[PDB]
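Given next, in structure tokens, is a single chain: the form deposited in one PDB entry.
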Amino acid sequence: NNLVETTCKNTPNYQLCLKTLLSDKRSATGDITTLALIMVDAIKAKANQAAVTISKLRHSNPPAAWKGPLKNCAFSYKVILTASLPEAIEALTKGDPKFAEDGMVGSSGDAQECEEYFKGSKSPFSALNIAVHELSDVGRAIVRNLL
């Protein structure tokens, strides 16, 4: 709480860090490594739901325009969920920060690149790409205190 506020001040989105951490029961007691894992779980929750939305979009006769971007975005979310986030969870739980930052750098890039494919058109799940990107950015900054 004291630590939560201070932790969140050292991030590029103070309000998103705080709304995210204060909404999880683990933040009251948790040390900063716990705050890091709470963020990673929030990125994961949004990434899982983007993956679901993409699948639903691709199998329901999608506009020809969305077909490339959705294909590509499906893969980006596969990388976030089965590589980047598990690694960052590995590194916080049993390793060292450094690699968590790598996984948060990755997931932030992948979520933006997915959004970028819709540029010049209407983007079907913008709030979810932006949330994954911004949560990952907050996450990056938290792990970057640890170093």
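Take the two forms, find the largest set of C-alpha atoms that superpose within 1.5 Å, and that set is the rigid core. Residue positions are given as counts along the sequence shown, with the first one as 1.
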- Message: Quick check: 33-41 versus 91-99, which has the larger average CA B-factor in the record?
- Response: 91-99
- Query: Relative to the other modelled residues in the chain, which third contains the C-alpha temperature factor of residue 141: lowest, middle or highest?
  - Reply: lowest
- Message: Quick check for you: using the entry's CA B-factors within this chain, is residue 22 in the lowest, middle or highest third?
- Response: highest
- How does residue 104 rank on Cα B-factor within its chain, lowest, middle or highest third? highest
- Message: Among the modelled residues of this chain, does the Cα B factor of residue 65 put it in the lowest, middle or highest third?
- Response: highest
- Message: Split into thirds by Cα B-factor across the chain's modelled residues, where does residue 59 land: lowest, middle or highest?
- Response: highest
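Missing here is the form deposited with a partner chain bound; even so, the following discussion is about that form.
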- Counting only non-hydrogen atoms and a 4.5 angstroms cut-off, does residue 67 reach the partner chain in the bound PDB entry? no
- Item | Contact of residue 87 with the partner chain in the bound PDB entry (heavy atom, 4.5 Å) | yes
- Message: Is it the case that residue 55, even though its partner is missing from this view, gets within 4.5 Å of the partner chain in the bound PDB entry, heavy atoms only?
- Response: no
- Partner proximity in the bound PDB entry: residue 98 to the partner chain, non-hydrogen atom cutoff 4.5 Å: yes
- Item | Per-stretch contact check against the partner chain in the bound PDB entry, the hit in 59-67, 118-126, 35-43, 88-96 (non-hydrogen atom, 4.5 angstroms) | 88-96
- Query: Quick one: in the bound PDB entry, does every one of 76, 79 and 144 get a heavy atom within 4.5 Å of the partner chain?
  - Reply: yes
- Item | Moved residue between the shown form and the other one - picked from 93, 82, 55, 121, where its Cα shifts 2 angstroms or more relative to the rigid core | 121
- Message: Tell me whether residue 65 is among the residues that move between the shown form and the other one (Cα shift of 2 angstroms or more, core superposed).
- Response: yes
